[PDB]
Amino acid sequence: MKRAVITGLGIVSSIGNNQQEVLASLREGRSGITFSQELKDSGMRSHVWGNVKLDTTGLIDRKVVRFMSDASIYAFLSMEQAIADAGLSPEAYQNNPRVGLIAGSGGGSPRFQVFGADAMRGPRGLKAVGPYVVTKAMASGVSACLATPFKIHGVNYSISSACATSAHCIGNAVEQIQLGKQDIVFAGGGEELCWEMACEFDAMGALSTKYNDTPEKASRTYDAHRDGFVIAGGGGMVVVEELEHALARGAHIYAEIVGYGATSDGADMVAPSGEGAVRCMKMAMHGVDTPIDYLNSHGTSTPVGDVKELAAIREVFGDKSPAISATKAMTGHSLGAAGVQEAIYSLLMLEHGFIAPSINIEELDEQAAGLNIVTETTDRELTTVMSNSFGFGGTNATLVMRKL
């Protein structure tokens, strides 16, 4: 089996439009959460979100962007960044059977799905719909919209697994390398931000509703007064590359993907079982001869979910648990984009030797006792980092990344 490394990255998020801006927000413990007039206007109870603060007008060519929803736009721009950051040029990655793309969203595009239906029911029907809704709204929008303009010839599909989507995308990319089928796979995803989708999470009571007057305090993972997650949008993309291929071209290598866990609860639809996560982390830690220095938790800021993961971490590690922070307290929950963005946050912490703070803990949950939850930015020489992604439907992903 071949080894897989990360040789580039790109990110559009609530806390930065590139890796430099994101690095700055992580070290500062800056919140990306703002009041949303759009959410309030729709009749929602959650009025806060992790929005992308970027004018994307003119950033993608007219004939390319016409097929794209926001999830695709966010993923495309991240992919541009990742290509450049990897030091890759068209002659190397384009029209190359051994270079692929695995990237998805959790929701596709509810916005253009609803636009399509709204337009169809109006007096102009098909003519008001137009010819571009399928590529905007289909579940595989994110992969279809990137593989075509980037001239990808290798693998091309999307993995969806709700909150674990882009973490599974990365892990499947690793498998492509291990099987010797691909030299490079761009892995990640994107997620639009809109009332059309967010109202679905509000109607199940999943979103924070009590902190709308103080938007930066709404997302408060592990705080005893958390009341659900803060919904976010954005994209992320990493370049997953075979080790020898990377070394031979003098690539910059952030880390090796040394562990990939993928498991299922087989229990509850919208609540974590715990034992699924335990098995997932163990799978990711298998054969890894170094300790986990830092854990970027799934920790979405939900009453049951936050502490269920903690109980799982305690089971896996015991007394000697790693430093833990939940960056969703800063960023919000970008759903399908969460896995890659959080793999990137963890890689920036690995690369730059620090731990981002788990913010908005005004009163630590009684069930979080005895663990190392890092609440202020602390410089440390990290070697091996772990990222957890647990989604609706009991789907679990865990990534372990280590310096070479």
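Residue indices: 1-based, along the sequence shown.
According to the PDB record, 319-327 carries the higher mean C-alpha B-factor of the two stretches 319-327 and 128-136.
Annotation for 356-364 versus 46-54: the higher mean temperature factor (C-alpha) is found in 356-364. Within the selection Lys217, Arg111, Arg98, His245, the deposited Cα B-factor values reach their highest point at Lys217. Per the PDB entry, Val288 shows the highest C-alpha temperature factor of the residues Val288, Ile170, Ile152, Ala198.
Per the PDB record, residue ranking by Cα B-factor puts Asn396 in the lowest third of the chain. In the deposited entry, the Cα temperature factor of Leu347 places it in the middle third of its chain's modelled residues. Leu9: CA B factor in the lowest third of modelled residues in this chain (values from the PDB entry). In the deposited entry, the Cα temperature factor of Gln178 sits in the middle third of values across the chain's modelled residues. The PDB entry assigns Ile292 a C-alpha temperature factor belonging to the highest third of its chain's modelled residues.
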